[PDB]
Amino acid sequence: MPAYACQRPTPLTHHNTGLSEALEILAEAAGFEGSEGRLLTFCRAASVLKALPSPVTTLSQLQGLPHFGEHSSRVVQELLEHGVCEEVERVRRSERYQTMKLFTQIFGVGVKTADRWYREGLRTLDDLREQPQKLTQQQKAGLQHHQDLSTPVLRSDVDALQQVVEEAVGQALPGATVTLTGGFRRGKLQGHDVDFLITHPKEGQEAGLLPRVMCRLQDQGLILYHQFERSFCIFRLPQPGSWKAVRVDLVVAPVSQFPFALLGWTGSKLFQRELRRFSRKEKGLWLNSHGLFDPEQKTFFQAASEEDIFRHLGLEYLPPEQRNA
DNA sequence: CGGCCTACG
DNA sequence: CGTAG
DNA sequence: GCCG
Ligand SMILES: [Mn+2]
Ligand SMILES: [Mn+2]
Ligand SMILES: [Mn+2]
Ligand SMILES: [Mn+2]
Ligand SMILES: [Mn+2]
Ligand SMILES: [Mn+2]
Ligand code: NA
């Protein structure tokens, strides 16, 4: 089992769901306490289990697996023996964990803001609504729309949103294209948001495109919130006899950068962190959603496809549905 | 032990 | 500070 | 928390 998540297929559904979920609780808790290192180890350990071909049934089977040390092994051992891990359950029921989860899941609120509010004694969403002068416009939007934004986005929703984005993009720039990215490109049937990547086959014609797209969506009454290359929107999505708010991310890239942007925006988040770490540490190349840089020759790698990028990193190709690290 | 991805709004 | 995968 |  290779050490980096980008070196192994990780399907969306797998054989160790309960074990991975418990490790991901500890990862999330570590993030709420500012320990990105412990978050990463717990996330990586969970991801290893997702990549296994069958269920872990005995502690012996963790021997030699990367990212399983004393702590993560004990979590698995307790779940195997008792069906529950006291540490995990203590985290789950803790006021700190529940409140940090509630606050950080608000659009506009990160760990730093949630932590400050927690120390000020705030605990509920209505606590935040009582003092709205303290909130950013982004946070006010996240709070007004919080209920809808907590409701799963379905594939049928995604198809409807893609049609309206394509209509605005078509008027903004004939020939421009719209590609579904994020979790839905990896095969998820539901999600909490929708991600799109926009380009044009003629290099440079995409310049200035996102304002024109946003102006046209706004004029159609579809934008409940927006604040360029990346637009983090709340869309009004028609529903039977009503509508609901949906988070949509719109991203523009020139066609030269499109394979890097597609790779980056298809994720998963952990997969891309691991891929960038592998690139730099194992191959000495610097990767982001714009390109891949050789800092010795001081040159950028030209890519026409995601397959190109995997080849330039010496990695076997993984389709999106196997990037669910 | 140091590192832990790397951007944009 | 927030956002993104 | 774990790896190199
Ligand atoms: Mn420990
Ligand atoms: Mn026991
Ligand atoms: Mn997404
Ligand atoms: Mn998104
Ligand atoms: Mn750019
Ligand atoms: Mn150290
Ligand atoms: Na948030």
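Letters go in sequence order (proteins before strands), and every chain restarts at 1.
- Checking the phosphate oxygens (OP1, OP2) of C/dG2, a side-chain nitrogen or oxygen of A/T113 falls inside 4.0 Å.
- At the phosphate of D/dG1, neither OP1 nor OP2 sits under 4.0 Å from any side-chain N or O atom of A/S35.
- Look at CD on A/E274: it is 15 Å from P on D/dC2, rounded to the nearest Å.
- When rounded to the nearest whole Å, the span between CZ of A/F300 and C1' of B/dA7 equals 13 Å.
- Heavy-atom nearest nucleotides on DNA chain D were determined for A/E36 and for A/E282, and the one closer to the 5' end corresponds to A/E36.
- Taking a 4.5 Å side-chain heavy-atom cut-off between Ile, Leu, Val, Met, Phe, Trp and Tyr, the cluster of A/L40 extends to A/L39, A/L270.
- Using a 4.5 Å heavy-atom cutoff, the side chains of A/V48 and A/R8 are in contact.
- Counting any heavy atom pair closer than 4.0 Å across all strands shown, A/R273 reaches a base atom.
- In this structure, A/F260 places its CZ atom 20 Å from P of B/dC5, rounding to the nearest Å.
- Listed pair A/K281 / D/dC3 fails the phosphate criterion, with no side-chain N or O lying under 4.0 Å from OP1 or OP2.
- Within the nucleic acid shown, A/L270 has no heavy atom closer than 4.0 Å to any nucleic acid atom.
- A sub-4.0 Å separation between OP1 or OP2 of C/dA4 and a side-chain N or O of A/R247 is present.
- Nearest to the side chain of A/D195, among B/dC8, B/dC5, C/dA4, sits C/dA4.
- The base of C/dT3 is not paired with the side chain of A/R230 by any donor and acceptor separated by under 3.5 Å.
- At the heavy-atom level, A/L262 lies nowhere under 4.0 Å from the strands shown.
- If you check every strand for non-hydrogen atoms under 4.0 Å, A/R185 touches nothing.
- Here, B/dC5 and D/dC3 have their P atoms 16 Å apart, quoted to the whole Å.
- B/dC4 atom P lies 7 Å from atom CZ of A/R280, rounded to whole Å.
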Under 3.5 Å donor-acceptor pairs involving side-chain atoms of residues 15-23 of chain A, not counting sequence neighbours:
{"residue": "A/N16", "atom": "OD1", "partner": "A/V56", "partner atom": "N", "Å": "2.8"}
{"residue": "A/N16", "atom": "ND2", "partner": "A/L49", "partner atom": "O", "Å": "3.4"}
{"residue": "A/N16", "atom": "ND2", "partner": "A/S54", "partner atom": "O", "Å": "3.0"}
{"residue": "A/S20", "atom": "OG", "partner": "A/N16", "partner atom": "O", "Å": "3.3"}
{"residue": "A/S20", "atom": "OG", "partner": "A/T17", "partner atom": "O", "Å": "2.9"}

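- Remark: P of C/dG5 and CD of A/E229 are 16 Å apart, rounded to the nearest angstrom.
- Spacing between atom CZ of A/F278 and atom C1' of D/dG4 amounts to 15 Å, rounded to whole angstrom units.
- Counting only residues at least two apart or on different chains, the salt bridge (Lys or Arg N to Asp or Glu O under 4.0 Å) pairs with a member in residues 171-198 of chain A are A/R185-A/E306.
- Not a single side chain to side chain contact (heavy atoms under 4.5 Å, CB included) links A/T41 to another residue, sequence neighbours left out.
- If you check the side chains of A/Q144 and A/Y225, you find no donor sitting under 3.5 Å from an acceptor.
- Near DNA chain C, meaning a heavy atom under 4.0 Å away, there are no residues from residues 43-54 of chain A.
- Checked against side-chain hydrogen bond (donor to acceptor under 3.5 Å, both in side chains), A/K244 has the following partners two or more places apart in sequence or in another chain: A/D157.
- With rounding to the nearest 0.5 angstrom, the CE atom of A/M100 is 9.5 Å from the OG1 atom of A/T113.
- Remark: A/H71 is in phosphate contact with D/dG1, judged by side-chain N or O atoms under 4.0 Å from OP1 or OP2.
- Atom NZ of A/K269 and atom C1' of C/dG5 are 8 Å apart (whole Å).
- Mapping A/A3 and A/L40 onto DNA chain D via the closest heavy atom, the residue that lands nearer the 5' end is A/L40.
- Side chain of A/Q139 to backbone of A/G108: a donor-acceptor contact under 3.5 angstrom is found.
- Taking side-chain N and O atoms only, A/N288 has a distance below 4.0 Å to OP1 or OP2 of B/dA7.
- For the pair A/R38 and D/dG1, the criterion of a side-chain N or O lying under 4.0 Å from OP1 or OP2 is met.
- Within 4.0 Å of A/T266, counting heavy atoms only, lie sugar-phosphate atoms of the nucleic acid but no base atom.
- Protein atom OH of A/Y4 is 12 Å distant from nucleotide atom P of D/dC3, rounded to whole Å.
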